[PDB]
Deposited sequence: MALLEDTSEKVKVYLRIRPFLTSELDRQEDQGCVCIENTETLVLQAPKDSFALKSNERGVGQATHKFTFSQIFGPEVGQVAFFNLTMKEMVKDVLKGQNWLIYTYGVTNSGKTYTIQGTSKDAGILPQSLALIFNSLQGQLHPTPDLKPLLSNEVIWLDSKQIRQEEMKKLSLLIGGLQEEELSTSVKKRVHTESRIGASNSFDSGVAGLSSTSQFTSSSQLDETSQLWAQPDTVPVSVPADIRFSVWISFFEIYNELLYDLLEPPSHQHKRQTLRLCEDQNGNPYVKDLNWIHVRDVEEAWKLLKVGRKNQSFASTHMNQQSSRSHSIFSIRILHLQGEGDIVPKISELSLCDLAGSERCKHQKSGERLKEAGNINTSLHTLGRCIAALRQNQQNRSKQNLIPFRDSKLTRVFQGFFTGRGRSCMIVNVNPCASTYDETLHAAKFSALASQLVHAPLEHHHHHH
C-alpha cells in the first residue's frame, strides 16, 4: 500500500483505429488487472499474454476532472493539511502523459487542477509579504528588504519571458505562503528551469538531508503566476530528461507568536525508455519494509520520500496501439505491483 500505481489508458484516435492499431493488445480485465497481448496481425514480418497488477486502472472513457478526483484530489487535500506528496509520471510515445500532466486550455491536466484547488482553498488566507522562504522541506529563512526586492526582480524577469473546482477545507487561524521550484535532470546533471534564458549542486543539510543548492523558489500569489512559471519552465526545457516541479506551502499558525510548518506537492516527469532502474529498486524496497537511494541523483533528490518524510505514488500513461506494444510491455514491467505470464 506504500507506492500506489495508477494506470491511465489513452483513448483510440479515429486515424489510428483505421491503421489497424486496435488488435486487443491493451485490455482491462478488472479495476486492478491489465492484460497485455502481442498483436494479432504483426506490423513486423513474423510467423505472448501478460497479466499486470496496478492500484487502479482508468480506462479511455475517464475524463480529466474524473481522473483528478479519483487520484490527485485527496493528495492535494493531504498537502493542504500538512503532509508531503510526490507523484511520479510515466509515458514514452503518444501515451497521453502531457494531456494528463498539463492538458489543453479547457481539458486542464492534473498539474493546473492542483494549482487551482490550492489557491481556491487558500483564498483570503494568504500571507502577503514573501517574508519567509521554505528553502528546505523542514526549514525557513527570513528575507530582508534587499532580498525580497531581488527575489521580486527574478520573478518579474520570468513572468515577462525576458527580452470551477470546489475548494478543500483549511483552518481559519492559519496564514499561507505558496512557493514553486522547477528543475530538470539531464544526464545526471541538474538544471534550473525558472532561470531567464549552468548546473546546480546537490548538498547535504545541517541535519544530513540532501537539497538542491541555489535552486530558485519563486513566491506565487495566484494560479495565473504559477501557470505562467510552468509555461516559462517548459519553454526553457524546449530551448535546451526528468522534469521535477515542486509546490511548497508554508503554514503560519496563530496570532502574535507564530508556529511555522512546511508541506510539499512534487511532480516528477520521468523520461521514457539506469536512474529509472534505481528508482524501480528504490520503490520495491520502500514497498517491502535499506533503500539504495544514493545509487542515483534522482533518488537522492527525493531521499525524504524513501526515509518516511513524505508519501509517493506513480501515474503511468499508456498508448493502446499495437505498434507501441513493446513500449507498453516495458512500462508495465517497470511500474506494475505484480506480473504474471499466462501459460
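Where does the model have holes with respect to the deposited sequence?
Deposited residues absent from the model fall in 1 to 8, 56 to 62, 179 to 232, 267 to 272, 316 to 325, 359 to 377, 394 to 401, 456 to 465.
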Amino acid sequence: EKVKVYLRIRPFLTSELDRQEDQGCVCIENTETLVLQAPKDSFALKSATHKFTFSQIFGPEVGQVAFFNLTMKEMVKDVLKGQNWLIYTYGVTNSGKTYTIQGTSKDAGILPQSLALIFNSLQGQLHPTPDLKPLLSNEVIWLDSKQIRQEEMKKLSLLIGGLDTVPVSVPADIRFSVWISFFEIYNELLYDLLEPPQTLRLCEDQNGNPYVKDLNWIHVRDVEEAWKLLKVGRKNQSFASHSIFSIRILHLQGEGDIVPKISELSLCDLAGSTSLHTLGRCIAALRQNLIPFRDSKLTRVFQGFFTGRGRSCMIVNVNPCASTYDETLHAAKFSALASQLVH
From here on, numbers count along this sequence of modelled residues.
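Do the C-alpha atoms of 303 to 311 or of 36 to 44 have the higher average B factor in the entry?
The entry gives the higher C-alpha B-factor average to 36 to 44.
As stated in the PDB record, which stretch has the larger average Cα B-factor, 217 to 225 or 254 to 262?
Going by the record's values, the stretch with the higher mean is 254 to 262.
Please pick out which of 200, 116, 126, 268 has the largest Cα B-factor as recorded in the entry.
Within the set 200, 116, 126, 268, 200 shows the top C-alpha B-factor.
Would you mind finding, among 163, 76, 244, 247, the residue with the largest C-alpha temperature factor in the entry?
Answer, based on the entry's C-alpha B-factors: 163.
Relative to the other modelled residues in the chain, which third contains the C-alpha temperature factor of residue 180: lowest, middle or highest?
Bottom third by C-alpha B-factor.
Tell me, lowest, middle or highest third: where does the Cα B factor of residue 87 rank within its chain?
Lowest third - that is where residue 87 ends up once the chain's C-alpha B-factors are sorted.
For the chain shown, is the CA B-factor of residue 336 in the lowest, middle or highest third of its modelled residues?
Its C-alpha B-factor, which the entry lists for residue 336, ranks in the lowest third among residues of this chain.
Would the CA B-factor of residue 342 place it in the lowest, middle or highest third of its chain?
Tercile = highest for this residue's CA B-factor.
Can you work out whether the C-alpha temperature factor of residue 167 puts it in the lowest, middle or highest third of the chain?
Its C-alpha B-factor belongs to the middle third of this chain's values.
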